[PDB]
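First up is the structure itself, then whatever we jot down about it.
Cβ coordinates were reconstructed from backbone atoms using ideal geometry, including for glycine residues, and neighbour counts include every protein chain displayed. What follows draws every value from the coordinates through simple rules; no lab data is involved.
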Amino acid sequence: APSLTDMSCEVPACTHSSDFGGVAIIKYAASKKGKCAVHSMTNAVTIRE
Amino acid sequence: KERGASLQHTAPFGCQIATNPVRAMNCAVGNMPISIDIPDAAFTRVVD
């Protein structure tokens, strides 16, 4: 699988809006082209993608 | 004859004054509250 490294993040805006009102951006570099899964370790914050 | 100067020449706050109907214009006094609701199509995402 593709492996990331040297990734880091920003949250340009956030709101409590019930319907994915928070938006975030992650910079990265990775070892190849491919498809990559994402998940949140914190149950208090659900991720749409 | 004895008329003096009309308010167009003498009035405070640098205003202009006119008739039909009688109006004062451009009094430089106080402030003007404004609200504007521009369409959401004018924006572009900060992530772009």
The range B:5-29 and chain A: distance between their alpha carbon centers, rounded to Å: 62
Size of chain B as Cα extents on the principal axes (Å, biggest first): 72, 22, 14
222 nm mean residue ellipticity, helices alone, for the protein assembly as shown (DSSP H n ≥ 4; -39,500 (n - 2.57); rounded to 500): -500 deg cm²/dmol
Per-selection Kirkwood Rh - the protein assembly as shown (Cα, Å, 1 d.p.): 20.9
Tail fraction, Cα-Cα pairs, chain A, threshold 16 Å, whole percent: 53
Surrounding net charge for A:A1, when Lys and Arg each add one and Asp and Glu each subtract one, Cβ distance under 12 Å: +3
Unit charges on C-beta of K, R, D, E only; dipole of chain A, Debye: 280
